[PDB]
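Below is one structure, written out as structure tokens, with a few remarks after it.
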Amino acid sequence: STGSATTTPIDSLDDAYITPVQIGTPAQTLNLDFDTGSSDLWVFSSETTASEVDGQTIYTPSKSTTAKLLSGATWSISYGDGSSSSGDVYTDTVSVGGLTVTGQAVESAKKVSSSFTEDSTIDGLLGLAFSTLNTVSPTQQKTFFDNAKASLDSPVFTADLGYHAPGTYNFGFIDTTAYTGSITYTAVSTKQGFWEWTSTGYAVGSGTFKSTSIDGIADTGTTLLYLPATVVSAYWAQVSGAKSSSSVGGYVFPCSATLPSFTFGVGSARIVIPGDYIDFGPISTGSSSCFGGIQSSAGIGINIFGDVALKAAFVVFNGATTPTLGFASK
């Protein structure tokens, strides 16, 4: 089997991407944030505290003839941005782009933190990291990809995120028309539960490539590119007037600037992020200070190849017995 679904930016900045997902019988379609940095499929629901729902579409398990309470199971998750959610668990039929999994754990939110409430466009998350990170207790549950894997034509999914435009998540096949050149594959460590890999270096604009190992995670659920402070300083030093602002929370730059590109290495191959992809717009409405799309990971503990990086590439998440990642230009 295969599936193919379009993923759409939630706003004009590509702050996140939503993909329609069919849950239950009859189908209830929710727009979920596909997140290769976590491993829970959770949704706003009829159980979510009413004051914490503000415009999201909810899953109502009582209206699904295939929903079953997973007795005793609870979940609770906290994300790197400080947001969180928790609740109980149903199993139900879940379909993405024509690919159907029966008995998928659908984690129903009883509580969500303010940033989820405040974002009316995201009805929940669909985790695509390794199932060892799934938070369901006392019986950990598998991701949608893990449950689908054995049925897929090939044990892979691909992320093809758009810049200011829709893109595609495919399951079970590699669309050879969706990228240019060849796909370069690179080793993955699953030891932390992430799609963790080592970039071979970077360049800023037309500058020379610096060969240096940068361990980080391919994370579709993180907006920006978070890299070591040395790398980030070298980037922003090429932008007149750019500075790190403790009060704003990262590097800012004059909105009048033209940003240089940023290149990252994948083995001997190179992925070029155009400068425009690094512009996240005014820090507040009407400001001439703009927020940068490349930020320091120093306070995180891990480097994160988020959407800013991934949207410059066609990315293969290879879930073979030994997982690997593939990157191609497009």
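One-based numbering along the chain as shown.
Quick check of the header: X-ray crystallography, 1.0 Å.
Cβ coordinates are placed from backbone N, Cα and C, and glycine is handled just like the others.
Positions annotated as domain 'Peptidase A1' by Swiss-Prot: 17-328.
Here Swiss-Prot flags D35 (among others) as active site. Every protein chain shown contributes to the tally, and the Cβ of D35 (active site) ends up with 21 other Cβ atoms within 10 Å.
Counted within 10 Å of its Cβ, the other Cβ atoms near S199 (active site) come to 22, all protein chains included. The active site annotation in Swiss-Prot covers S199 (among others).
For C255-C290, the entry in Swiss-Prot reads disulfide bond. Long-range Cβ proximity for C255 (disulfide bond), meaning a same-chain Cβ under 8 A and a gap of 6 or more residues, is found for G281, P282, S287, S288, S289, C290. In the three-state DSSP assignment, the secondary structure recorded for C255 (disulfide bond) is coil.
Other C-beta atoms found within 10 angstroms of the C-beta of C290 (disulfide bond) number 22, with every protein chain shown included.
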